[PDB]
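Right, one structure below, let's go through it.
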Amino acid sequence: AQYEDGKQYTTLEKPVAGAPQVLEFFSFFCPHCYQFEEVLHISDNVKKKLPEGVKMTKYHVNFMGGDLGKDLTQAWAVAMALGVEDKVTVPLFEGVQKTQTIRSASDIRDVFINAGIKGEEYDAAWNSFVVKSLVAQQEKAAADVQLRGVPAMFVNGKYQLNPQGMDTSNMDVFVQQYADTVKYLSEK
Ligand SMILES: COc1ccc(Nc2ccc3c(CC(=O)O)coc3c2)cc1
């Protein structure tokens, strides 16, 4: 077959009932995740290959970066609660990996302030139980699939994208192959 289990994708040994249709996991410490955001725009290109209105979910993970890695999962919960993901994704990636100006929770908060989120607004979200639940939700989704590597994408709780089986001599071909695979999996 053109698409084969073990090539462009793998099949979860224990499917995840009730999982989101397209689920991405990333870390702001993750070098390929930086590329998936700034150079490849994987999420945008996958969205354009799926039908209008399908839900795509993107969660942060704890297992990279120690203390700050957990602070970033909580900050990503704030970003989701406030709806400001598009305002903070690039500054957080660059603060961690390019300028290395993010060394503490205060530095993370600075990124949101500079992006125009009010201080009182950020701190109330940071300390809220709604954000505690969003942190728990991100942890539970990663736990459900025994996640040990990012960037990862899962389709309908059953299939995991295998980008190591995609050719990377041409970045646009790679993005297209990745998005076409998601579309194929979503239609199974
Ligand atoms: C800069 O553009 C790019 C970006 C990425 C790649 N290849 C690549 C290879 C392996 C993985 C894994 C699995 C893992 O190691 O956990 C996740 O994502 C990957 C991406 C090639 C070119």
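Starting from 1, each residue takes its place in the sequence as its number. Just so you know, ligand 1 is whichever comes first in the structure, and atom 1 is the first atom listed for that ligand. Excluded from the calculations below are hydrogen atoms, water molecules and symmetry mates; all remaining heavy atoms, backbone and side chain alike, are included.
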(request) Would you mind telling me if ligand 1 is within reach of the side chain of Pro151, the backbone, both or neither, using heavy atoms under 4.0 Å? (result) both

(message) Using a 4.0 Å cut-off to any heavy atom of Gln35, which atoms of ligand 1 qualify?
(response) 1 (C)

(message) Using salt bridge (charged side-chain N to carboxylate O under 4.0 Å, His left out), reason through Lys140 and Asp144 one step at a time and then give a plain yes or no.
(response) CA-CA 6 Å; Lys140 181 186 179 304; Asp144 283 339; 2.8 Å; yes

(request) Give the single entry among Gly165, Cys30, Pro163 that approaches atom 19 (C) of ligand 1 most closely by any heavy atom. (result) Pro163

(message) Could you tell me, atom by atom, which parts of ligand 1 come under 4.0 Å of a heavy atom of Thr168?
(response) 21 (C)

(request) For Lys49 and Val182, run side-chain contact (heavy atoms from CB on, under 4.5 Å): C-alpha distance rounded to whole Å, both residues' side-chain angles, the deciding distance at 0.1 Å, then the answer. (result) CA-CA 8 Å; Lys49 280 284 174 59; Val182 180; over 6 Å; no

(message) Does the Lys NZ or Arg CZ of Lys188 fall within the cation-pi geometry relative to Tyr159 - under 6.0 Å from the ring centre and within 45° of the axis?
(response) yes

(message) Tell me whether the rings of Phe28 and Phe26 are parallel (<30°), tilted (30 to 60°) or perpendicular (>60°).
(response) perpendicular

(request) May I ask which of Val39, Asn162, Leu40 has a heavy atom nearer to atom 2 (O) of ligand 1 than the others do? (result) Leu40

(message) Hydrogens and angles aside, do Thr73 and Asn62 bring a side-chain donor and acceptor to less than 3.5 Å of each other?
(response) yes

